[PDB]
Ligand SMILES: Nc1ncnc2c1ncn2[C@@H]1O[C@H](COP(=O)(O)OP(=O)(O)O)[C@@H](O)[C@H]1O
Ligand SMILES: [Mg+2]
């Protein structure tokens, strides 16, 4: 292009690089805070899951009602977080509906809703937004579980998909089964547990639902902040490479413009 | 020559069974292409100026012979053999007016008969189990399967 | 060679149009919400 | 002047919110913008009489085409003309001679477009 | 080009000039002749130019873009002379609208090379600043009068530098 | 009753498909005629133009 085109492009890319560096720093701070908070929540959620892996529960094979919950967020710029979550969610939904089930979907965060608003647009039991602005608490998990139980879609099985946070650079997508009391009562393993009517067990199921939602929220926010930090680092690096190339081009163009104007002056002077 | 009968289309779309829309749409499209071609083709073939064409040719006789052969010789025209679909109309005259019309009218008549028979009945405040037995045979507790009281299954 | 504020939308490249649209959609939504509230206030204050 | 003014406003609004691709209002705004855009396309060496342009642009801007898919708009366009150019020569002559979309002309245009859209 | 210079200056003539007691001068320098005719007729309609009586309040000078550079380079001086006279002898307020004052410079640049001067900067005459100063320095509010000068200045390719 | 009555009132007018077919075949015949006339005219003009241009 001309010199002004190159100058404007170079200025824009420099601004973009500045912004992405600042966003990397912010994401890194929030990641440190979220990891610090994730440790206790990690132990708490693992303890809450304890039972189902201590007294193995096999879901009933005669039921059709299923729930898919997908934890993510509203923020973008986090790489393949929302993408992975929604991809596995639709994989599971297709598998269930092929095996013959009545699946619904709950989306914690806009981006899941958006990714799944073209297909599975009618299975949305309910979706939550305003995720990611502030670190998730137990209040959020309690609200999600409460609005799930209140919405009278008494499900017969459940799954939750979130991005388990492995390392600062890597994360994994998990599926954690969620059972209803119809399955817990009808389990030979549960015969041993003492003082187990069908009301204390129901309250326990509600609380465990809130617990698993909270665990998924903490893991998901940790992994999302880590991914945003990584994505911003890569974006800043790419902006730096582009800035180098454009600076070289700008220097070439500036010198060429100087030479061109000077040759015009010389030709005019010698052509008198 | 041309004075084509007008067609409504929202009405045309009201009389095609699901098994037949695959030919209705093709007929629509092929009518469309024919209409576009007819519009493209002119109202008349352009006139000719035979005088000038004969006035710039050394062998005026040959072009005069061309002109005269043109004057004598005309062109042929197609007919209605491909239009044998004539017959189809007669067949319809049976369904929509003899078979479908008559059967539909008989069903209609039965439906009124039922309608007034159902509308003309005594207020329930005086009626009896027998009344519901006649008017509604669905209340008859078939003794052919449930003899002993309460006839209606105990599990209900 | 330096950079200055409000340069992303001075270039008018792809980021410029993307930012313009990201702004316009949001403020169209908020204008719709505010207009609804204005109509509600009108009706509730007629009396 | 009557029709292109509203078309100009609609495209001006559409161009602002075009760089992306939710709510009903802006979704319909994008729909109308795209419909008009595919309406404005044209072929080579086939200029259209002003009244025919008015008919096409009117059909497009009076929310009629908003039901159709955009990839099909061109079809409609072409087809529509080949219909109006034969059955409704009188209306086009009226629009040309009087040089405006009078109330009766508008009502006609309305019924022609409503009938043609369903029958297509 | 195409940002509103002419519309804005016409709006100013509509406002200030219409309700202004003093006189007024308009110098079209190297602008479209269509616009000159449009302004003539718009003033005749408004009433600042009265073709019947002697109550006209606007004096017009035109040297449009069909003129050779010599005339565009000097029509600004002609309008400026009319304004200067109304400033001094009449001893009164004056308005002076010029559209555009970049055509004065440009017309000066179209003959410099033929007068034997080496070009400067981006192919402008070496005397750009002096030639513009010796004109813009007569458009001033001395203690004997008062010229309110509105100037439209084309910026070639939006380039303010 | 309403379903049956409207069904009859509708199937009364099933004749549009045949009316279509009628006018469509008339259009086909007309286009064939037009092509015949234009082909003969084009051929005669081509021979005349050959002679004149040579
Ligand atoms: N106040 C205004 N309102 C709306 N459009 C305007 C206005 N001023 C200028 N324009 C637009 O600019 C064009 C005229 O620009 P103009 O000022 O004559 O050009 P220049 O400023 O380059 O001499 C018109 O076609 C019009 O669309
Ligand atoms: Mg101008």
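Ideal geometry is used to build each Cβ from the backbone, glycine not excepted, and the neighbour counts take in all protein chains shown. Throughout, read-outs are computed from the coordinates displayed, never taken from laboratory work.
A compact table of results
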| item | result |
| --- | --- |
| Residue selected from segment B:1-19 under the condition in a helix (DSSP H, G or I) and facing chain D (nearest Cβ under 10 Å), by the criterion surrounded by the most Cβ atoms within 10 Å (Cβ to Cβ) | B:12 |
| Residue in segment E:88-123 that is farthest from residue E:30 (Cα to Cα), counting only those that are within 16 Å of ligand 1 (Cβ to nearest atom) and in a strand (DSSP E or B) | E:97 |
| Whichever residue in segment E:7-34 is in contact with a helix residue (DSSP H, G or I) (Cβ under 6 Å, 6 or more places away or on another chain) and within 16 Å of ligand 1 (Cβ to nearest atom) and, among such residues, is farthest from residue E:60 (Cα to Cα) | E:30 |
| Members of segment E:86-116 found to be closer than 22 Å to residue A:258 by Cβ and within 16 Å of ligand 2 (Cβ to nearest atom), listed by number | none |
| Filter result for the condition that a residue is part of a helix (DSSP H, G or I), within 14 Å of chain C (Cβ to nearest Cβ), at negative phi and surrounded by 16 or more Cβ atoms within 10 Å (Cβ to Cβ), over D:33, D:60 | D:33 |
| Qualifying residue in segment E:44-61 (condition: within 11 Å of ligand 2 (Cβ to nearest atom) and more than 14 Å from chain C (Cβ to nearest Cβ)) | no |
| Any hit, segment E:131-147, residues being loosely packed, with under 15 Cβ neighbours inside 10 Å, outside any loop (DSSP other than H, G, I, E, B) and within 16 Å of ligand 1 (Cβ to nearest atom) | no |
| Among the candidates B:73, B:115, B:132, residue that is out of contact with any strand residue (DSSP E or B) (no Cβ under 8 Å at 6 or more places or on another chain), at negative phi and facing another protein chain (nearest Cβ under 8 Å) | B:115 |
| Matching residues in segment C:2-47 - criterion: being under 19 Å from residue A:1 (Cβ atoms) and surrounded by 12 or more Cβ atoms within 10 Å (Cβ to Cβ) | C:3, C:7, C:8, C:9, C:10, C:11, C:12, C:13, C:15, C:16, C:17 |
| Count of segment E:71-119 residues which are over 26 Å from residue E:11 (Cβ atoms) and touching a helix residue (DSSP H, G or I) at 6+ places or on another chain (Cβ under 7 Å) | 9 |
| Single condition residue A:266 does not satisfy, out of (1) within 14 Å of chain E (Cβ to nearest Cβ); (2) within 19 Å of residue A:160 (Cβ to Cβ) | (2) |
| Segment E:37-56, subset surrounded by fewer than 17 Cβ atoms within 10 Å (Cβ to Cβ) and under 28 Å from residue E:73 (Cβ atoms), residue nearest to ligand 1 (Cβ to nearest atom) | E:38 |
| Pairs with Cβ under 6 Å, 6+ apart, first in segment E:1-16 and within 14 Å of another protein chain (Cβ to nearest Cβ) and more than 12 Å from residue E:99 (Cα to Cα), second more than 9 Å from ligand 2 (Cβ to nearest atom) and part of a loop (DSSP other than H, G, I, E, B) | none |
| Verdict on residue E:85 being part of a loop (DSSP other than H, G, I, E, B), more than 16 Å from ligand 1 (Cβ to nearest atom) and within 24 Å of residue E:139 (Cα to Cα) | no |
| Residue check for residue B:89: loosely packed, with under 13 Cβ neighbours inside 10 Å and farther than 25 Å from residue F:40 by Cβ | no |
| Per-region count, segment E:12-48, residues over 20 Å from residue E:147 (Cβ atoms) and in a loop (DSSP other than H, G, I, E, B) | 4 |
| Verdict on residue E:119 being surrounded by 13 or more Cβ atoms within 10 Å (Cβ to Cβ), more than 16 Å from ligand 2 (Cβ to nearest atom), within 14 Å of chain A (Cβ to nearest Cβ) and farther than 19 Å from residue E:20 by Cα | yes |
| Residue that is in a helix (DSSP H, G or I) and either over 30 Å from residue D:112 (Cβ atoms) or within 12 Å of chain D (Cβ to nearest Cβ) (or both), where the choices are B:39, B:22, B:58, B:84 | B:39 |
| Residue, nearest to residue A:87 (Cα to Cα), within segment A:175-201, restricted to residues that are buried (at least 16 other Cβ atoms within 10 Å of the Cβ) and touching a strand residue (DSSP E or B) at 6+ places or on another chain (Cβ under 8 Å) | A:176 |
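Matching residues to (1) at the interface with chain B (Cβ under 7 Å from one of its Cβ atoms); (2) surrounded by fewer than 16 Cβ atoms within 10 Å (Cβ to Cβ):
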| site | (1), (2) |
| --- | --- |
| F:2 | no, yes |
| F:7 | yes, yes |
| F:12 | yes, yes |
| F:21 | yes, no |
| F:33 | yes, no |
| F:39 | no, yes |
| F:44 | yes, no |
| F:54 | no, yes |
